[PDB]
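A.B. asks: Can you read through this structure? Questions will come right after.
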Amino acid sequence: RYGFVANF
Amino acid sequence: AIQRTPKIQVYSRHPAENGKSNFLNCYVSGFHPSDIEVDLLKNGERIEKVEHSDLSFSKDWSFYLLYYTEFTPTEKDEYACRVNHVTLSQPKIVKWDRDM
Amino acid sequence: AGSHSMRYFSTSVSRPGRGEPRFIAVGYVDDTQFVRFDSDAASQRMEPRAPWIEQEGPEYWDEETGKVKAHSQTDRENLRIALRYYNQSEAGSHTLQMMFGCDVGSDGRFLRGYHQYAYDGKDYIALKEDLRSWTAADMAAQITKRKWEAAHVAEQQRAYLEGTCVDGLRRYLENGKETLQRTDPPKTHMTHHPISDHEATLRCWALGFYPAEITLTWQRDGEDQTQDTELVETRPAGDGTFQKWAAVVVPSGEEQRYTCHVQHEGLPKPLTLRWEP
Ligand SMILES: [Zn+2]
Ligand SMILES: [Zn+2]
C-alpha cells in the first residue's frame with residue numbers, strides 16, 4: 001500500500 | 001553529484017552443463033547515476049532477447065539491475081557482458097567464467 | 001521469517017530539453033518485488049510484478065495508481081525546487097530518490113518506519129527512528145525541514161507507517177504466504193583453484209537461498225580474514241533465490257587452516273566448511 005510525499 | 005562505478009558479475013543461474021538450457025545473468029550494482037547501457041554477448045555479438053529487472057537501489061542509494069537471457073552453454077561458445085556508464089572511459093567487457 | 005519489510009523505492013531523473021522527468025517506482029516485500037510504476041510505460045498504471053499481488057481487485061489498482069502518480073508529480077516539483085535551493089541550472093540532469101516503508105516482526109507488530117530522500121545520490125532529509133523529527137543533511141534541507149515541521153509531515157507519515165503500511169505488509173504476507181514466508185537455506189560447497197606452485201584459491205559457495213540476507217566469511221586458525229577475503233555482492237539467480245561466494249588465496253599445503261562460515265535464517269545452525277579433496 002503506497003504512501004505519499006510532500007513538497008521540498 | 002557523487003558518482004559510483006558499476007560492479008559487474010556475469011554468471012549462470014544453474015551450474016553450467018554443456019548442452020543443457022540455462023539462464024545467463026549479468027548483475028550490475030553499486031552505480032550512480034542511473035543511466036547505463038548493458039549488453040550480453042555471444043562470441044562478441046549482441047544477444048537479442050535480453051530482459052532486465054526494474055530499476056531499484058540499495059541502502060547507500062546506489063542502483064542495481066539484473067540483465068538476463070535463456071541460453072544453452074557449450075564447450076566452445078564464449079559469453080560476456082558489456083557495460084557502459086558515465087564513470088567509464090570505455091565500455092567494460094566482463095567475460096563469463098563458469099566457476100564464478 | 002523472523003521479521004519482514006515492505007519498501008517502496010522511487011527514482012526521478014530530469015531530462016532537460018527532453019520533456020518531463022522519468023519516474024520509476026518499485027515495491028518490495030523483503031527481497032521480493034511485487035509492483036512497479038514507470039512514467040515511460042504506456043499503461044500509466046501501477047503494474048503487478050509478483051503473482052500473489054494479482055489477488056487484489058480493481059479498486060486496489062485504481063487507488064495505488066492514483067497514489068504513485070501523485071508521488072511522481074510531487075517529485076517533479078521537488079526536482080525543480082531543489083534547483084532553486086542549490087542555485088543549479090536547468091541544463092543539468094539531476095536525480096531524486098525516495099524510500100519509504102515499514103518493518104514488522106513475526107508477531108505482526110510494527111518495528112521501524114522509514115521516509116527518506118536523496119538528491120544526486122546524497123542524503124537530503126530522513127525521518128528519524130522515533131518518527132517524530134527529521135535529519136536534514138545540509139542548508140537546503142533545513143528549508144524543507146522547517147516546512148515539514150509547520151505542516152506536521154512527521155505525524156502524517158507516522159500514521160501511514162504504523163497503520164496502512166503495516167496493514168498492507170500483513171495482507172501481502174497472507175496472500176503470498178507460500179513463497180514470502182520461506183526461509184530457504186543456502187546449498188553450500190567449496191572449490192579449489194591452483195594459481196601457481198606457491199598459491200591456490202579456495203572459494204566458498206552459497207546457492208539457492210532466500211531471503212537475501214546472508215553472512216559468508218573465511219577464517220584462518222579461527223581468526224576472521226576480513227582484510228584478505230574477496231567477497232562478491234549477493235546476487236539474484238533470477239528464479240527467486242540468491243547466490244554469493246567468498247574466496248581466499250591460500251599458501252600451498254595450508255588449506256586445512258581455513259574454514260568457511262555460513263549464517264542464514266534458513267539454517268538450523270551456522271555452518272562451518274573445510275576443504276575436503
Ligand atoms: Zn516470517
Ligand atoms: Zn618457488
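Here, A, B, ... name the chains of the C-alpha cells in the order displayed, residue numbers run from 1 inside each chain, and ligands are numbered from 1 in the same displayed order.
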Got a sec: who's within 7 Å of region 1-6 of chain A, counting only C-alpha atoms, leaving out chain neighbours fewer than 6 positions off, as a list in words?

C.D. replies: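 Near region 1-6 of chain A, the qualifying residues are residues 64, 67, 68, 71, 74, 160, 164, 165 and 168 of chain C.
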
A.B. asks: Could those selected residues go to a file with N, CA and C atoms, as a compact mmCIF listing (two decimals), in the first residue's frame?

C.D. replies:
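Wrote result-v4.txt, looks like this:
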```txt
# COMPACT_ATOMS: atom_id res chain seq x y z
N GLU C 64 -3.85 2.59 -5.95
CA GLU C 64 -2.39 2.57 -5.96
C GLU C 64 -1.87 3.38 -7.14
N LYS C 67 -2.08 7.05 -6.22
CA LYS C 67 -1.07 7.43 -5.24
C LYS C 67 0.33 7.53 -5.83
N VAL C 68 0.71 6.60 -6.69
CA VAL C 68 2.08 6.64 -7.20
C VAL C 68 2.17 7.76 -8.24
N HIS C 71 2.72 10.97 -6.38
CA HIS C 71 4.11 10.99 -5.95
C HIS C 71 5.04 11.44 -7.08
N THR C 74 4.65 15.23 -7.53
CA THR C 74 5.28 15.98 -6.45
C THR C 74 6.81 15.92 -6.58
N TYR C 160 0.73 6.81 8.64
CA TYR C 160 0.82 5.91 7.50
C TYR C 160 1.67 4.67 7.81
N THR C 164 -1.54 2.00 7.68
CA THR C 164 -1.63 1.47 6.31
C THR C 164 -0.47 0.58 5.89
N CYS C 165 0.76 1.02 6.17
CA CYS C 165 1.95 0.27 5.75
C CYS C 165 1.98 -1.11 6.40
N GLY C 168 -0.89 -3.27 5.13
CA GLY C 168 -0.57 -3.73 3.79
C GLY C 168 0.43 -4.88 3.79
```

A.B. asks: Please list as a ChimeraX atom specification every residue within 7 Å of residue 9 (chain C), counting only C-alpha atoms and excluding residues in the same chain fewer than 3 positions away.

C.D. replies: /B:56 /C:25-27,98-100

A.B. asks: Smallest atom-to-atom distance to ligand 2: which of C:33, C:252, C:12, C:39, using only C-alpha atoms and all ligand atoms?

C.D. replies: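 Of C:33, C:252, C:12, C:39, the one nearest ligand 2 is C:252, counting only C-alpha atoms and all ligand atoms.
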
A.B. asks: Need to verify the contact set: region 186-193 of chain C, 6 Å, only C-alpha atoms, exclusion of same-chain residues closer than 2 positions in sequence. Can you return it as a ChimeraX atom specification?

C.D. replies: /C:200-209

A.B. asks: Have a look at C:155, C:221, C:38, C:103 and name the one nearest to chain B; count only C-alpha atoms.

C.D. replies: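 Of the candidates, the smallest distance to chain B is held by C:38.
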
A.B. asks: Which residues of chain C sit at most 10 Å from ligand 1, using only C-alpha atoms and all ligand atoms? Give each one's shortest atom pair and distance in Å (one decimal place), in chain and ascending residue order, as a Markdown table.

C.D. replies:
```
| residue | atom | partner | partner_atom_place_in_ligand_line | distance |
| --- | --- | --- | --- | --- |
| C:1 | CA | ligand 1 | 1 (Zn) | 2.9 |
| C:2 | CA | ligand 1 | 1 (Zn) | 5.0 |
| C:3 | CA | ligand 1 | 1 (Zn) | 5.7 |
| C:4 | CA | ligand 1 | 1 (Zn) | 6.3 |
| C:5 | CA | ligand 1 | 1 (Zn) | 9.9 |
| C:30 | CA | ligand 1 | 1 (Zn) | 9.9 |
| C:104 | CA | ligand 1 | 1 (Zn) | 9.3 |
| C:105 | CA | ligand 1 | 1 (Zn) | 7.7 |
| C:106 | CA | ligand 1 | 1 (Zn) | 5.2 |
| C:107 | CA | ligand 1 | 1 (Zn) | 8.7 |
| C:108 | CA | ligand 1 | 1 (Zn) | 9.0 |
| C:173 | CA | ligand 1 | 1 (Zn) | 8.0 |
| C:177 | CA | ligand 1 | 1 (Zn) | 8.9 |
| C:180 | CA | ligand 1 | 1 (Zn) | 7.6 |
| C:181 | CA | ligand 1 | 1 (Zn) | 4.9 |
| C:182 | CA | ligand 1 | 1 (Zn) | 7.5 |
| C:183 | CA | ligand 1 | 1 (Zn) | 8.3 |
```

A.B. asks: If you count only C-alpha atoms and all ligand atoms, which residues end up within 10 Å of ligand 2, as a ChimeraX atom specification?

C.D. replies: /C:196-199

A.B. asks: Limited to C-alpha atoms, could you put the picked residues into a file as a compact mmCIF listing (two decimals), in the first residue's frame?

C.D. replies:
```txt
# COMPACT_ATOMS: atom_id res chain seq x y z
CA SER C 196 50.73 -21.28 -9.04
CA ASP C 197 53.11 -23.61 -7.25
CA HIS C 198 53.02 -21.29 -4.22
CA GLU C 199 49.30 -20.39 -4.00
```

A.B. asks: Based on DSSP run over this structure's backbone, return all residues of region 43-236 of chain C in alpha helix (DSSP H), as a ChimeraX atom specification.

C.D. replies: /C:58-86,139-150,153-160,166-175,177-180

A.B. asks: Let me see the file: selected residues, C-alpha atoms, as a PDB file, in the first residue's frame.

C.D. replies:
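Result saved to part-v4.pdb:
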```pdb
ATOM      1  CA  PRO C  58      -9.776  -3.236  -9.407  1.00  0.00           C
ATOM      2  CA  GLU C  59     -10.197  -0.788  -6.520  1.00  0.00           C
ATOM      3  CA  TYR C  60      -6.652  -1.552  -5.342  1.00  0.00           C
ATOM      4  CA  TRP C  61      -5.145  -0.945  -8.758  1.00  0.00           C
ATOM      5  CA  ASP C  62      -7.043   2.318  -9.218  1.00  0.00           C
ATOM      6  CA  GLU C  63      -6.047   3.579  -5.728  1.00  0.00           C
ATOM      7  CA  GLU C  64      -2.391   2.574  -5.955  1.00  0.00           C
ATOM      8  CA  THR C  65      -2.176   4.090  -9.438  1.00  0.00           C
ATOM      9  CA  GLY C  66      -3.542   7.412  -8.112  1.00  0.00           C
ATOM     10  CA  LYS C  67      -1.073   7.430  -5.236  1.00  0.00           C
ATOM     11  CA  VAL C  68       2.076   6.636  -7.201  1.00  0.00           C
ATOM     12  CA  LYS C  69       1.100   9.191  -9.862  1.00  0.00           C
ATOM     13  CA  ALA C  70       0.633  11.892  -7.190  1.00  0.00           C
ATOM     14  CA  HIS C  71       4.113  10.987  -5.948  1.00  0.00           C
ATOM     15  CA  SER C  72       5.654  11.276  -9.432  1.00  0.00           C
ATOM     16  CA  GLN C  73       4.132  14.749  -9.858  1.00  0.00           C
ATOM     17  CA  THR C  74       5.279  15.980  -6.454  1.00  0.00           C
ATOM     18  CA  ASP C  75       8.809  14.700  -7.134  1.00  0.00           C
ATOM     19  CA  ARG C  76       8.941  16.532 -10.491  1.00  0.00           C
ATOM     20  CA  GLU C  77       8.050  19.660  -8.491  1.00  0.00           C
ATOM     21  CA  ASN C  78      10.693  18.762  -5.932  1.00  0.00           C
ATOM     22  CA  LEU C  79      13.396  18.426  -8.569  1.00  0.00           C
ATOM     23  CA  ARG C  80      12.515  21.970  -9.636  1.00  0.00           C
ATOM     24  CA  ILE C  81      12.546  23.261  -6.044  1.00  0.00           C
ATOM     25  CA  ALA C  82      15.978  21.690  -5.481  1.00  0.00           C
ATOM     26  CA  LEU C  83      17.392  23.637  -8.465  1.00  0.00           C
ATOM     27  CA  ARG C  84      16.359  26.867  -6.763  1.00  0.00           C
ATOM     28  CA  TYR C  85      17.654  25.771  -3.357  1.00  0.00           C
ATOM     29  CA  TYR C  86      21.035  24.769  -4.810  1.00  0.00           C
ATOM     30  CA  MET C 139      21.377  24.102   4.240  1.00  0.00           C
ATOM     31  CA  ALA C 140      18.733  23.436   1.560  1.00  0.00           C
ATOM     32  CA  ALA C 141      17.234  20.527   3.505  1.00  0.00           C
ATOM     33  CA  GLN C 142      16.706  22.801   6.552  1.00  0.00           C
ATOM     34  CA  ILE C 143      14.265  24.829   4.464  1.00  0.00           C
ATOM     35  CA  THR C 144      12.268  21.719   3.653  1.00  0.00           C
ATOM     36  CA  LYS C 145      12.519  20.527   7.251  1.00  0.00           C
ATOM     37  CA  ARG C 146      11.058  23.834   8.515  1.00  0.00           C
ATOM     38  CA  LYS C 147       8.167  23.477   6.055  1.00  0.00           C
ATOM     39  CA  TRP C 148       7.567  19.841   7.039  1.00  0.00           C
ATOM     40  CA  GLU C 149       7.624  20.783  10.724  1.00  0.00           C
ATOM     41  CA  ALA C 150       5.000  23.507  10.125  1.00  0.00           C
ATOM     42  CA  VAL C 153       4.579  15.862   7.991  1.00  0.00           C
ATOM     43  CA  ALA C 154       6.213  13.561  10.579  1.00  0.00           C
ATOM     44  CA  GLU C 155       2.845  12.846  12.214  1.00  0.00           C
ATOM     45  CA  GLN C 156       1.212  12.174   8.830  1.00  0.00           C
ATOM     46  CA  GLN C 157       3.997   9.726   7.973  1.00  0.00           C
ATOM     47  CA  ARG C 158       3.964   8.121  11.413  1.00  0.00           C
ATOM     48  CA  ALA C 159       0.232   7.422  10.945  1.00  0.00           C
ATOM     49  CA  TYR C 160       0.819   5.910   7.499  1.00  0.00           C
ATOM     50  CA  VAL C 166       1.815  -2.372   8.478  1.00  0.00           C
ATOM     51  CA  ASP C 167      -1.683  -3.442   7.413  1.00  0.00           C
ATOM     52  CA  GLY C 168      -0.565  -3.732   3.794  1.00  0.00           C
ATOM     53  CA  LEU C 169       2.530  -5.768   4.646  1.00  0.00           C
ATOM     54  CA  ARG C 170       0.450  -8.187   6.778  1.00  0.00           C
ATOM     55  CA  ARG C 171      -2.021  -8.718   3.971  1.00  0.00           C
ATOM     56  CA  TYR C 172       0.655  -9.350   1.382  1.00  0.00           C
ATOM     57  CA  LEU C 173       2.343 -11.858   3.689  1.00  0.00           C
ATOM     58  CA  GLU C 174      -1.035 -13.587   3.974  1.00  0.00           C
ATOM     59  CA  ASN C 175      -1.715 -13.720   0.238  1.00  0.00           C
ATOM     60  CA  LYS C 177       2.394 -16.917   2.168  1.00  0.00           C
ATOM     61  CA  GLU C 178       3.539 -19.965   0.193  1.00  0.00           C
ATOM     62  CA  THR C 179       6.520 -18.009  -1.143  1.00  0.00           C
ATOM     63  CA  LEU C 180       7.050 -14.932   1.102  1.00  0.00           C
TER      64      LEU C 180
END
```
